[PDB]
Amino acid sequence: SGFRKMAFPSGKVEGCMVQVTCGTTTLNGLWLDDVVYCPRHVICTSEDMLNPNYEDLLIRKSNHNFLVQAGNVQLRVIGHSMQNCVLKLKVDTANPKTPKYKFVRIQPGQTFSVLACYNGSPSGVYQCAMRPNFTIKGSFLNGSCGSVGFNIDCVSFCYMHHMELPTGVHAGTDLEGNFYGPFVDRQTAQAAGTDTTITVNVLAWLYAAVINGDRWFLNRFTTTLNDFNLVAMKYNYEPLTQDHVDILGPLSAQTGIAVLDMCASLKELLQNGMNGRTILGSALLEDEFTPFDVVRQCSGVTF
Amino acid sequence: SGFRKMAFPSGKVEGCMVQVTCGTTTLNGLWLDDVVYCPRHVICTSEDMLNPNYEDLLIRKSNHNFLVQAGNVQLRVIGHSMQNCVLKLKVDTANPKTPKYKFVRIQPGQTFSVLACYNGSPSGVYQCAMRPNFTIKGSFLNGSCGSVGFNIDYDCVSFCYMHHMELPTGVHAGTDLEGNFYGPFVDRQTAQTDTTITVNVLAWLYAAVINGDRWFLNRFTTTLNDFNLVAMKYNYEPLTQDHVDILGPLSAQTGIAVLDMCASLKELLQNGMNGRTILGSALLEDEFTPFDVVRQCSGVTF
Ligand SMILES: *[C@H](O)[C@H](Cc1ccc[nH]c1=O)NC(=O)[C@H](CC1CCCCC1)NC(=O)c1cc2ccccc2[nH]1
Ligand SMILES: *[C@H](O)[C@H](Cc1ccc[nH]c1=O)NC(=O)[C@H](CC1CCCCC1)NC(=O)c1cc2ccccc2[nH]1
Ligand code: NA
């Protein structure tokens with residue numbers, strides 16, 4: 001019993017982290033097979049950062065301009081190319097620690113683990129969700145760029161870190177270099193959209209609470225999907241779809257609480273508040289656990 | 001910026017986890033050099049459990065009764081002994097992934113990362129505190145026994161917890177790696193008050209300030225004695241001068257004296273948060289030490 005924000009074990013990703021230096025800038029790279037992936041902004045001088053023309057700047061670089069270090073070993077760069085906002089440095093050695101891996105672009109609400117790194121070395125691991133506004137609420141300092149987010153299914157990499165937006169939230173790309181959200185890699189203040197609560201995840205966590213015997217909030221009513229969403233909207237919650245209802249099905253079967261019944265209990269929590277009570281030790285409704293995250297933790301799924 | 005409950009990178013510990021089966025019981029072991037450490041209750045049967053005579057039960061086991069699996073390799077057990085509540089299975093192969101390590105016994109209020117494992121395989125990692133009542137508020141299912149807690153400093157893993165049991169309230173109990181339980185608990189089948197870690201709450205308020213969440217700051221100061229009068233009423237541990245000293249680094253970094261911050265905590269205790277949050281929480285958080293805050297906010301690596 002118990003319910004914690006649980007990250008994936010990080011060892012498989014630790015073995016892939018390297019340091020990449022261009023000029024005055026050092027950040028992290030991801031070494032898989034004979035390629036090192038990192039943010040393309042590594043190539044900017046401080047002046048370049050204001051309005052970079054990355055294609056032009058890259059033409060001026062040579063392979064030797066990229067200093068890639070795996071621990072105490074310098075890797076020899078033999079080619080360089082850019083894919084969207086990610087730089088791909090071909091090296092003459094394949095990483096012997098490369099796990100089975102894939103690159104995935106995740107949807108809002110999906111969670112992942114971040115291995116925060118500086119100078120190619122790990123600082124810590126924590127669980128993040130992709131917010132509906134395409135930011136993540138991470139813990140990233142200058143130097144952390146190139147740190148990645150991942151799931152273990154095969155390691156599925158979904159996020160590479162590029163920048164910190166004005167609200168102290170974080171923005172980055174998938175491993176094909178496409179930003180999540182409308183953001184661009186230029187040194188200017190960029191506003192995130194208004195964020196919302198990930199409803200399907202709140203429902204998942206209420207199921208985790210029931211599994212753990214914390215069930216005071218269960219009421220005796222039901223609701224339709226439409227009537228639930230009419231309330232959700234008023235409290236800045238995302239719409240719940242029928243696909244979400246189906247995804248929550250196995251948790252509904254395990255607990256005996258139909259999804260629409262759980263929605264009626266959530267509706268009451270939204271309308272009346274929690275009145276000083278906690279659920280799974282929290283005084284707020286938690287939205288950074290997906291339905292799979294709940295099953296993973298409550299059933300002991302391993303890797 | 002940003003502040004998260006961040007666990008240590010777990011790779012060095014993952015390379016030490018093995019599966020240990022005795023009879024019908026499977027749990028995890030920690031393989032360092034040529035010894036596998038695991039809870040001694042692995043040797044109990046369902047009848048053995050009310051008052052197990054572990055010395056006798058261990059004598060009656062063969063090395064052959066312990067099936068130790070490191071991935072897809074069975075390790076040959078060549079000896080079995082016990083140190084307090086930990087079983088030590090000597091194996092004929094030294095773990096080539098053994099990190100630099102120490103066994104440490106931590107104090108209440110200190111934190112560590114747990115690598116939760118099942119069948120010798122890592123499932124997840126999370127940070128938690130040793131409570132003042134010597135339990136941990138973990139996430140552990142049947143089969144997780146032998147999972148460990150640890151801290152890292154540079155290249156050295158300090159193992160501090162091995163998991164043995166879940167108490168009726170759903171919190172968790174275990175030993176150090178010398179086999180001594182934290183708290184009054186015992187490894188037998190029988191039925192077996194906490195406080196808030198004030199210095200950690202203060203550390204986390206400093207973390208909030210460092211990360212720009214400043215609304216709860218006020219212009220007032222308090223004496224240590226006046227603060228503790230309030231603290232005690234809310235079931236907070238007394239703040240000692242030693243605690244004030246340990247908050248020195250964070251006080252210097254923010255420019256906010258400890259007794260200034262204490263007045264902000266006093267107001268939060270007496271008046272609540274008025275619908276606001278601090279670092280995303282609607283409760284005061286006590287599972288970050290002063291060192292944890294400095295580590296995370298300065299980007300310390302391993
Ligand atoms: C990469 O290591 C670093 C990550 C970082 C820095 C500071 C705080 N948290 C962090 O995670 N990223 C930057 O420093 C980044 C570099 C810049 C990105 C666009 C292309 C050119 C290089 N810059 C920012 O994150 C940044 C710039 C800026 C300007 C106005 C407001 C906010 C802001 N954030
Ligand atoms: C070891 O893998 C397992 C850990 C566990 C089990 C269930 C839930 N969460 C967990 O972390 N430990 C046990 O199953 C343990 C065995 C027992 C330890 C003392 C010596 C003899 C063997 N039993 C418990 O943790 C346990 C039994 C029990 C009965 C009533 C209420 C609570 C309770 N906890
Ligand atoms: Na104050």
# chains A, B, ... in the order shown; residues from 1 in each chain; ligands from 1
call {"tool": "interface_residues", "arguments": {"of": "chain A", "to": "chain B", "cutoff": "7 Å", "atoms": "only C-alpha atoms", "output": "PyMOL selection string"}}
result
chain A and resi 1-11+14+118+121-126+137-141+168+283-284+300-303
call {"tool": "write_last_selection", "arguments": {"atoms": "N, CA, C and O atoms", "output": "CSV table (one decimal), in the first residue's frame"}}
result
chain,number,residue,atom,x,y,z
A,1,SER,N,0.8,-1.2,0.0
A,1,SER,CA,0.0,0.0,0.0
A,1,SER,C,0.9,1.2,0.0
A,1,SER,O,2.1,1.2,0.1
A,2,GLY,N,0.3,2.4,-0.1
A,2,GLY,CA,1.0,3.6,-0.3
A,2,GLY,C,0.9,4.1,-1.8
A,2,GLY,O,0.7,3.3,-2.7
A,3,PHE,N,1.1,5.4,-2.0
A,3,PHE,CA,1.0,5.9,-3.4
A,3,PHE,C,2.0,7.1,-3.5
A,3,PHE,O,1.8,8.1,-2.7
A,4,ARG,N,3.0,7.0,-4.3
A,4,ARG,CA,4.0,8.0,-4.4
A,4,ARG,C,4.2,8.4,-5.8
A,4,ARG,O,3.9,7.6,-6.7
A,5,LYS,N,4.6,9.6,-6.1
A,5,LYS,CA,5.1,10.0,-7.4
A,5,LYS,C,6.4,9.2,-7.7
A,5,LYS,O,7.4,9.5,-7.1
A,6,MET,N,6.3,8.2,-8.6
A,6,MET,CA,7.3,7.2,-8.8
A,6,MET,C,7.9,7.4,-10.2
A,6,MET,O,7.2,7.3,-11.2
A,7,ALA,N,9.2,7.6,-10.2
A,7,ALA,CA,9.9,7.7,-11.5
A,7,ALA,C,10.3,6.3,-11.9
A,7,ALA,O,10.4,5.3,-11.1
A,8,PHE,N,10.7,6.1,-13.2
A,8,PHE,CA,11.3,4.9,-13.7
A,8,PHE,C,12.7,4.8,-13.2
A,8,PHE,O,13.4,5.8,-13.0
A,9,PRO,N,13.2,3.6,-13.0
A,9,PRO,CA,14.7,3.5,-12.7
A,9,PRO,C,15.4,4.1,-13.9
A,9,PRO,O,15.1,3.9,-15.1
A,10,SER,N,16.5,4.9,-13.5
A,10,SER,CA,17.2,5.7,-14.5
A,10,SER,C,18.4,5.1,-15.1
A,10,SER,O,19.0,5.7,-16.0
A,11,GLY,N,18.9,3.9,-14.7
A,11,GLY,CA,20.1,3.4,-15.1
A,11,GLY,C,20.3,3.3,-16.6
A,11,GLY,O,21.4,3.6,-17.2
A,14,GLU,N,21.0,6.8,-17.8
A,14,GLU,CA,22.3,7.2,-17.3
A,14,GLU,C,23.4,6.8,-18.3
A,14,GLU,O,24.3,7.6,-18.6
A,118,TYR,N,23.7,17.7,-15.7
A,118,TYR,CA,24.6,18.8,-15.9
A,118,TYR,C,26.0,18.3,-16.3
A,118,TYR,O,26.4,17.3,-15.7
A,121,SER,N,26.4,14.5,-16.5
A,121,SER,CA,26.3,13.7,-15.3
A,121,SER,C,24.9,13.9,-14.7
A,121,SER,O,24.4,15.0,-14.6
A,122,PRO,N,24.3,12.8,-14.1
A,122,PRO,CA,23.0,12.9,-13.5
A,122,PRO,C,23.0,13.6,-12.2
A,122,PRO,O,23.8,13.3,-11.3
A,123,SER,N,22.0,14.4,-12.0
A,123,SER,CA,21.6,15.1,-10.7
A,123,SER,C,20.5,14.3,-10.0
A,123,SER,O,20.6,14.2,-8.8
A,124,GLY,N,19.5,13.9,-10.7
A,124,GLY,CA,18.3,13.3,-10.1
A,124,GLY,C,17.3,12.9,-11.1
A,124,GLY,O,17.4,13.2,-12.3
A,125,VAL,N,16.3,12.2,-10.6
A,125,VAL,CA,15.2,11.7,-11.5
A,125,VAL,C,13.9,12.0,-10.8
A,125,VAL,O,13.7,11.9,-9.6
A,126,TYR,N,12.9,12.4,-11.7
A,126,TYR,CA,11.6,12.7,-11.2
A,126,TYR,C,10.5,12.5,-12.3
A,126,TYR,O,10.9,12.6,-13.5
A,137,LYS,N,6.3,21.1,-15.8
A,137,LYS,CA,6.7,21.7,-14.5
A,137,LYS,C,7.9,20.9,-14.0
A,137,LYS,O,7.7,19.9,-13.2
A,138,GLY,N,9.1,21.2,-14.4
A,138,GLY,CA,10.3,20.5,-14.1
A,138,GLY,C,11.1,21.1,-13.0
A,138,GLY,O,10.6,22.1,-12.3
A,139,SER,N,12.3,20.7,-12.9
A,139,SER,CA,13.3,21.3,-12.0
A,139,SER,C,14.6,21.3,-12.9
A,139,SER,O,15.3,20.2,-13.0
A,140,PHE,N,14.9,22.4,-13.5
A,140,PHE,CA,15.9,22.5,-14.5
A,140,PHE,C,16.6,23.9,-14.3
A,140,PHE,O,16.0,24.9,-14.2
A,141,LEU,N,17.9,23.8,-14.1
A,141,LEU,CA,18.8,25.0,-14.0
A,141,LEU,C,19.5,25.2,-15.3
A,141,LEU,O,19.6,24.3,-16.2
A,168,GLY,N,8.6,30.1,-15.0
A,168,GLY,CA,9.3,29.1,-14.3
A,168,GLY,C,8.9,27.7,-14.7
A,168,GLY,O,9.3,26.7,-14.0
A,283,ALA,N,-3.9,17.6,-0.3
A,283,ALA,CA,-5.0,18.5,-0.1
A,283,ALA,C,-5.5,19.1,-1.4
A,283,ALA,O,-6.3,20.0,-1.4
A,284,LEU,N,-4.9,18.7,-2.5
A,284,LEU,CA,-5.4,19.1,-3.9
A,284,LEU,C,-5.6,17.8,-4.7
A,284,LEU,O,-5.1,16.7,-4.3
A,300,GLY,N,2.6,-3.5,-9.2
A,300,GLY,CA,4.0,-3.8,-9.2
A,300,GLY,C,4.7,-4.2,-10.5
A,300,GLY,O,5.5,-5.1,-10.5
A,301,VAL,N,4.3,-3.5,-11.6
A,301,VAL,CA,4.9,-3.8,-12.9
A,301,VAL,C,6.4,-3.4,-12.9
A,301,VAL,O,6.8,-2.4,-12.3
A,302,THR,N,7.2,-4.3,-13.5
A,302,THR,CA,8.7,-4.1,-13.4
A,302,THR,C,9.3,-4.1,-14.7
A,302,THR,O,8.7,-4.3,-15.8
A,303,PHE,N,10.7,-3.8,-14.7
A,303,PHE,CA,11.5,-3.7,-15.9
A,303,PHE,C,12.9,-4.3,-15.7
A,303,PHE,O,13.4,-4.1,-14.6
call {"tool": "residues_near_ligand", "arguments": {"ligand": "ligand 1", "cutoff": "8 Å", "atoms": "only C-alpha atoms and all ligand atoms", "output": "PDB file with N, CA and C atoms, in the first residue's frame"}}
result
ATOM      1  N   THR A  26      28.301  24.490 -22.741  1.00  0.00           N
ATOM      2  CA  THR A  26      28.304  23.062 -22.501  1.00  0.00           C
ATOM      3  C   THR A  26      26.895  22.683 -22.085  1.00  0.00           C
ATOM      4  N   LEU A  27      26.364  21.649 -22.711  1.00  0.00           N
ATOM      5  CA  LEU A  27      25.089  21.083 -22.279  1.00  0.00           C
ATOM      6  C   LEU A  27      25.183  19.568 -22.428  1.00  0.00           C
ATOM      7  N   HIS A  41      20.620  24.797 -30.190  1.00  0.00           N
ATOM      8  CA  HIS A  41      21.122  26.063 -29.686  1.00  0.00           C
ATOM      9  C   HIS A  41      22.510  25.970 -29.086  1.00  0.00           C
ATOM     10  N   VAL A  42      23.084  24.768 -28.969  1.00  0.00           N
ATOM     11  CA  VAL A  42      24.465  24.671 -28.520  1.00  0.00           C
ATOM     12  C   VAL A  42      25.389  25.472 -29.427  1.00  0.00           C
ATOM     13  N   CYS A  44      25.021  28.399 -30.743  1.00  0.00           N
ATOM     14  CA  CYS A  44      24.881  29.848 -30.738  1.00  0.00           C
ATOM     15  C   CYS A  44      25.927  30.486 -29.850  1.00  0.00           C
ATOM     16  N   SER A  46      26.470  34.002 -27.599  1.00  0.00           N
ATOM     17  CA  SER A  46      25.480  34.754 -26.839  1.00  0.00           C
ATOM     18  C   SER A  46      24.723  35.721 -27.742  1.00  0.00           C
ATOM     19  N   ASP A  48      24.271  35.327 -31.010  1.00  0.00           N
ATOM     20  CA  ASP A  48      23.441  34.550 -31.929  1.00  0.00           C
ATOM     21  C   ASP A  48      22.075  34.227 -31.323  1.00  0.00           C
ATOM     22  N   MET A  49      22.016  34.072 -29.999  1.00  0.00           N
ATOM     23  CA  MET A  49      20.805  33.592 -29.332  1.00  0.00           C
ATOM     24  C   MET A  49      19.617  34.515 -29.544  1.00  0.00           C
ATOM     25  N   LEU A  50      19.852  35.791 -29.828  1.00  0.00           N
ATOM     26  CA  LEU A  50      18.757  36.736 -29.969  1.00  0.00           C
ATOM     27  C   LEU A  50      17.913  36.456 -31.208  1.00  0.00           C
ATOM     28  N   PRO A  52      18.765  33.735 -34.062  1.00  0.00           N
ATOM     29  CA  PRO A  52      19.652  32.804 -34.777  1.00  0.00           C
ATOM     30  C   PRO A  52      19.084  32.377 -36.126  1.00  0.00           C
ATOM     31  N   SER A 139      12.314  20.661 -12.884  1.00  0.00           N
ATOM     32  CA  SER A 139      13.322  21.259 -12.023  1.00  0.00           C
ATOM     33  C   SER A 139      14.578  21.275 -12.887  1.00  0.00           C
ATOM     34  N   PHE A 140      14.855  22.421 -13.502  1.00  0.00           N
ATOM     35  CA  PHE A 140      15.910  22.532 -14.503  1.00  0.00           C
ATOM     36  C   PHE A 140      16.625  23.860 -14.269  1.00  0.00           C
ATOM     37  N   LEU A 141      17.939  23.808 -14.147  1.00  0.00           N
ATOM     38  CA  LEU A 141      18.774  24.999 -14.035  1.00  0.00           C
ATOM     39  C   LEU A 141      19.525  25.208 -15.339  1.00  0.00           C
ATOM     40  N   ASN A 142      20.151  26.379 -15.502  1.00  0.00           N
ATOM     41  CA  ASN A 142      21.055  26.549 -16.632  1.00  0.00           C
ATOM     42  C   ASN A 142      22.090  25.428 -16.636  1.00  0.00           C
ATOM     43  N   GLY A 143      22.340  24.877 -17.826  1.00  0.00           N
ATOM     44  CA  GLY A 143      23.194  23.729 -17.973  1.00  0.00           C
ATOM     45  C   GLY A 143      22.440  22.429 -18.157  1.00  0.00           C
ATOM     46  N   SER A 144      21.141  22.423 -17.870  1.00  0.00           N
ATOM     47  CA  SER A 144      20.379  21.183 -17.927  1.00  0.00           C
ATOM     48  C   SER A 144      19.895  20.847 -19.318  1.00  0.00           C
ATOM     49  N   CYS A 145      20.051  21.745 -20.276  1.00  0.00           N
ATOM     50  CA  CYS A 145      19.557  21.486 -21.617  1.00  0.00           C
ATOM     51  C   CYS A 145      20.165  20.203 -22.153  1.00  0.00           C
ATOM     52  N   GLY A 146      19.353  19.486 -22.928  1.00  0.00           N
ATOM     53  CA  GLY A 146      19.731  18.179 -23.411  1.00  0.00           C
ATOM     54  C   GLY A 146      19.377  17.037 -22.488  1.00  0.00           C
ATOM     55  N   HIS A 161      15.178  18.718 -23.216  1.00  0.00           N
ATOM     56  CA  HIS A 161      14.986  20.029 -22.606  1.00  0.00           C
ATOM     57  C   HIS A 161      15.751  21.143 -23.324  1.00  0.00           C
ATOM     58  N   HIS A 162      15.072  22.257 -23.600  1.00  0.00           N
ATOM     59  CA  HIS A 162      15.690  23.407 -24.287  1.00  0.00           C
ATOM     60  C   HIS A 162      15.651  24.727 -23.528  1.00  0.00           C
ATOM     61  N   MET A 163      14.589  25.043 -22.780  1.00  0.00           N
ATOM     62  CA  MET A 163      14.506  26.397 -22.240  1.00  0.00           C
ATOM     63  C   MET A 163      13.488  26.504 -21.118  1.00  0.00           C
ATOM     64  N   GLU A 164      13.596  27.611 -20.377  1.00  0.00           N
ATOM     65  CA  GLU A 164      12.718  27.918 -19.253  1.00  0.00           C
ATOM     66  C   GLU A 164      11.912  29.165 -19.606  1.00  0.00           C
ATOM     67  N   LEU A 165      10.610  29.042 -19.593  1.00  0.00           N
ATOM     68  CA  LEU A 165       9.709  30.123 -19.914  1.00  0.00           C
ATOM     69  C   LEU A 165       9.527  31.028 -18.710  1.00  0.00           C
ATOM     70  N   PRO A 166       9.003  32.226 -18.935  1.00  0.00           N
ATOM     71  CA  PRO A 166       8.892  33.208 -17.848  1.00  0.00           C
ATOM     72  C   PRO A 166       8.191  32.746 -16.588  1.00  0.00           C
ATOM     73  N   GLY A 168       8.578  30.115 -15.005  1.00  0.00           N
ATOM     74  CA  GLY A 168       9.319  29.081 -14.330  1.00  0.00           C
ATOM     75  C   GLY A 168       8.941  27.680 -14.741  1.00  0.00           C
ATOM     76  N   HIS A 170       8.827  24.830 -18.191  1.00  0.00           N
ATOM     77  CA  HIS A 170       9.879  24.355 -19.074  1.00  0.00           C
ATOM     78  C   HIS A 170       9.340  23.921 -20.424  1.00  0.00           C
ATOM     79  N   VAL A 184       9.549  28.704 -29.690  1.00  0.00           N
ATOM     80  CA  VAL A 184      10.665  28.695 -30.621  1.00  0.00           C
ATOM     81  C   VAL A 184      11.964  28.859 -29.852  1.00  0.00           C
ATOM     82  N   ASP A 185      13.056  28.366 -30.447  1.00  0.00           N
ATOM     83  CA  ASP A 185      14.377  28.482 -29.823  1.00  0.00           C
ATOM     84  C   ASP A 185      15.074  29.784 -30.229  1.00  0.00           C
ATOM     85  N   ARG A 186      14.612  30.864 -29.612  1.00  0.00           N
ATOM     86  CA  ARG A 186      15.174  32.204 -29.685  1.00  0.00           C
ATOM     87  C   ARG A 186      15.107  32.810 -28.294  1.00  0.00           C
ATOM     88  N   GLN A 187      16.073  33.678 -27.967  1.00  0.00           N
ATOM     89  CA  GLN A 187      16.142  34.332 -26.646  1.00  0.00           C
ATOM     90  C   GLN A 187      15.172  35.504 -26.589  1.00  0.00           C
ATOM     91  N   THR A 188      13.933  35.207 -26.216  1.00  0.00           N
ATOM     92  CA  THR A 188      12.876  36.202 -26.041  1.00  0.00           C
ATOM     93  C   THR A 188      11.842  35.577 -25.113  1.00  0.00           C
ATOM     94  N   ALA A 189      11.145  36.408 -24.353  1.00  0.00           N
ATOM     95  CA  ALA A 189      10.145  35.906 -23.413  1.00  0.00           C
ATOM     96  C   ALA A 189       8.911  35.428 -24.173  1.00  0.00           C
ATOM     97  N   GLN A 190       8.496  34.194 -23.903  1.00  0.00           N
ATOM     98  CA  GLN A 190       7.385  33.562 -24.605  1.00  0.00           C
ATOM     99  C   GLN A 190       6.372  33.066 -23.592  1.00  0.00           C
TER     100      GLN A 190
ATOM    101  N   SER B   1      14.951  26.898 -12.753  1.00  0.00           N
ATOM    102  CA  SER B   1      14.039  26.967 -11.587  1.00  0.00           C
ATOM    103  C   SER B   1      13.051  25.801 -11.586  1.00  0.00           C
TER     104      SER B   1
END
call {"tool": "residues_around", "arguments": {"residues": "residue 158 of chain A", "least_positions_apart": "3", "cutoff": "9 Å", "atoms": "only C-alpha atoms", "output": "list in words"}}
result
residues 102, 103, 104, 105, 106, 112, 148, 149, 150, 151, 173, 174 and 175 of chain A
call {"tool": "write_last_selection", "arguments": {"atoms": "N, CA and C atoms", "output": "compact mmCIF listing (two decimals), in the first residue's frame"}}
result
# COMPACT_ATOMS: atom_id res chain seq x y z
N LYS A 102 13.23 3.69 -28.68
CA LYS A 102 12.44 4.29 -29.73
C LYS A 102 12.21 5.75 -29.32
N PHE A 103 11.90 6.59 -30.34
CA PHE A 103 11.52 7.98 -30.12
C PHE A 103 10.01 8.09 -30.31
N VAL A 104 9.34 8.73 -29.35
CA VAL A 104 7.89 8.90 -29.38
C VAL A 104 7.55 10.35 -29.07
N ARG A 105 6.51 10.85 -29.71
CA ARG A 105 5.94 12.15 -29.38
C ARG A 105 4.69 11.93 -28.55
N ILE A 106 4.70 12.44 -27.33
CA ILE A 106 3.60 12.17 -26.41
C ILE A 106 2.51 13.23 -26.54
N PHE A 112 6.10 11.13 -17.88
CA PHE A 112 7.40 10.57 -18.19
C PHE A 112 8.33 10.90 -17.04
N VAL A 148 16.82 14.56 -20.89
CA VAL A 148 15.70 13.94 -21.57
C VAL A 148 14.65 13.39 -20.62
N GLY A 149 13.45 13.25 -21.18
CA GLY A 149 12.35 12.55 -20.56
C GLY A 149 12.07 11.26 -21.30
N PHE A 150 11.63 10.26 -20.55
CA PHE A 150 11.47 8.93 -21.11
C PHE A 150 10.43 8.14 -20.32
N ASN A 151 9.96 7.07 -20.97
CA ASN A 151 9.24 5.98 -20.33
C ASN A 151 9.97 4.68 -20.61
N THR A 173 11.52 19.74 -26.83
CA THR A 173 11.15 19.10 -28.09
C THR A 173 10.99 17.60 -27.86
N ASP A 174 10.40 16.92 -28.84
CA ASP A 174 10.61 15.48 -28.97
C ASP A 174 12.02 15.21 -29.52
N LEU A 175 12.35 13.94 -29.69
CA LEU A 175 13.70 13.58 -30.14
C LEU A 175 13.86 13.72 -31.66
call {"tool": "residues_near_ligand", "arguments": {"ligand": "ligand 3", "cutoff": "10 Å", "atoms": "only C-alpha atoms and all ligand atoms", "output": "MDAnalysis selection string"}}
result
chainID B and resid 216:222 256:267
call {"tool": "select_by_dssp", "arguments": {"residues": "segment 21-147 of chain B", "states": "strand (DSSP E)", "output": "PyMOL selection string"}}
result
chain B and resi 21-22+25-32+35-39+66-70+73-75+77-83+86-91+100-103+111-118+121-129
call {"tool": "closest_residue", "arguments": {"among": "A:130, A:269, A:240, A:274", "to": "residue 195 of chain A", "atoms": "only C-alpha atoms"}}
result
A:130
call {"tool": "residues_around", "arguments": {"residues": "residue 194 of chain B", "least_positions_apart": "3", "cutoff": "8 Å", "atoms": "only C-alpha atoms", "output": "list in words"}}
result
residues 131, 132 and 133 of chain B
call {"tool": "atom_distance", "arguments": {"atom1": "atom CA of residue 25 of chain B", "atom2": "atom CA of residue 165 of chain B"}}
result
13.8 Å
call {"tool": "closest_residue", "arguments": {"among": "A:153, A:238, A:286, A:47", "to": "residue 209 of chain A", "atoms": "only C-alpha atoms"}}
result
A:286
call {"tool": "select_by_dssp", "arguments": {"residues": "segment 173-229 of chain B", "states": "helix (DSSP H, G or I)", "output": "ChimeraX atom specification"}}
result
/B:198-210,224-229
call {"tool": "write_last_selection", "arguments": {"atoms": "N, CA and C atoms", "output": "short mmCIF file (atom, residue, chain, number, x, y, z; two decimals), in the first residue's frame"}}
result
data_model
loop_
_atom_site.label_atom_id
_atom_site.label_comp_id
_atom_site.auth_asym_id
_atom_site.auth_seq_id
_atom_site.Cartn_x
_atom_site.Cartn_y
_atom_site.Cartn_z
N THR B 198 10.16 20.02 11.53
CA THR B 198 10.12 21.48 11.41
C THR B 198 11.24 22.02 10.54
N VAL B 199 12.47 21.57 10.79
CA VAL B 199 13.61 22.09 10.05
C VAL B 199 13.45 21.84 8.55
N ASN B 200 12.84 20.72 8.18
CA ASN B 200 12.59 20.43 6.78
C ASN B 200 11.52 21.33 6.20
N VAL B 201 10.46 21.62 6.95
CA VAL B 201 9.46 22.58 6.46
C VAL B 201 10.13 23.92 6.16
N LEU B 202 10.96 24.39 7.09
CA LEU B 202 11.67 25.64 6.87
C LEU B 202 12.57 25.55 5.64
N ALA B 203 13.30 24.44 5.48
CA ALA B 203 14.13 24.27 4.29
C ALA B 203 13.29 24.41 3.02
N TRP B 204 12.11 23.80 3.00
CA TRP B 204 11.24 23.86 1.83
C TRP B 204 10.65 25.25 1.61
N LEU B 205 10.35 26.00 2.67
CA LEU B 205 9.99 27.41 2.48
C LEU B 205 11.13 28.20 1.84
N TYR B 206 12.37 27.92 2.25
CA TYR B 206 13.52 28.54 1.57
C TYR B 206 13.57 28.12 0.11
N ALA B 207 13.30 26.84 -0.17
CA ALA B 207 13.29 26.39 -1.57
C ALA B 207 12.25 27.15 -2.36
N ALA B 208 11.09 27.41 -1.75
CA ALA B 208 10.05 28.17 -2.41
C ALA B 208 10.53 29.57 -2.76
N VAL B 209 11.17 30.24 -1.81
CA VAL B 209 11.72 31.57 -2.06
C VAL B 209 12.74 31.53 -3.19
N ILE B 210 13.67 30.58 -3.12
CA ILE B 210 14.68 30.46 -4.18
C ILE B 210 14.02 30.34 -5.54
N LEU B 224 12.98 32.36 19.00
CA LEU B 224 12.95 30.91 18.95
C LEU B 224 11.96 30.34 19.94
N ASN B 225 11.92 30.89 21.16
CA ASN B 225 10.99 30.37 22.15
C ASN B 225 9.55 30.62 21.74
N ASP B 226 9.25 31.80 21.21
CA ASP B 226 7.88 32.10 20.80
C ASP B 226 7.49 31.21 19.63
N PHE B 227 8.43 30.94 18.72
CA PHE B 227 8.11 30.07 17.60
C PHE B 227 7.78 28.67 18.09
N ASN B 228 8.56 28.16 19.02
CA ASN B 228 8.37 26.80 19.48
C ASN B 228 7.08 26.65 20.26
N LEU B 229 6.64 27.69 20.96
CA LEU B 229 5.33 27.61 21.60
C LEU B 229 4.25 27.33 20.57
#
call {"tool": "atom_distance", "arguments": {"atom1": "atom CA of residue 272 of chain A", "atom2": "atom CA of residue 217 of chain A"}}
result
11.0 Å
call {"tool": "residues_around", "arguments": {"residues": "residue 56 of chain B", "least_positions_apart": "5", "cutoff": "12 Å", "atoms": "only C-alpha atoms", "output": "PyMOL selection string"}}
result
chain B and resi 43-44+48+51+61+81-82
call {"tool": "closest_residue", "arguments": {"among": "A:296, A:73, A:96, A:212", "to": "ligand 2", "atoms": "only C-alpha atoms and all ligand atoms"}}
result
A:212
call {"tool": "decode", "arguments": {"residues": "segment 88-103 of chain B", "atoms": "C-alpha atoms", "output": "PDB file, in the first residue's frame"}}
result
ATOM      1  CA  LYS B  88      23.865 -12.799   4.300  1.00  0.00           C
ATOM      2  CA  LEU B  89      24.104 -15.353   1.495  1.00  0.00           C
ATOM      3  CA  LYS B  90      27.706 -15.860   0.437  1.00  0.00           C
ATOM      4  CA  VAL B  91      27.892 -16.620  -3.290  1.00  0.00           C
ATOM      5  CA  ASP B  92      30.760 -17.895  -5.394  1.00  0.00           C
ATOM      6  CA  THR B  93      30.834 -14.845  -7.708  1.00  0.00           C
ATOM      7  CA  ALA B  94      31.634 -11.251  -6.778  1.00  0.00           C
ATOM      8  CA  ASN B  95      29.238  -8.747  -8.368  1.00  0.00           C
ATOM      9  CA  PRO B  96      31.240  -6.933 -11.104  1.00  0.00           C
ATOM     10  CA  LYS B  97      28.824  -4.004 -10.842  1.00  0.00           C
ATOM     11  CA  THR B  98      29.458  -3.425  -7.129  1.00  0.00           C
ATOM     12  CA  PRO B  99      29.731   0.346  -6.624  1.00  0.00           C
ATOM     13  CA  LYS B 100      31.765   2.141  -4.021  1.00  0.00           C
ATOM     14  CA  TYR B 101      29.455   1.919  -1.026  1.00  0.00           C
ATOM     15  CA  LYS B 102      28.926   2.318   2.701  1.00  0.00           C
ATOM     16  CA  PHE B 103      26.285   1.079   5.139  1.00  0.00           C
TER      17      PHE B 103
END
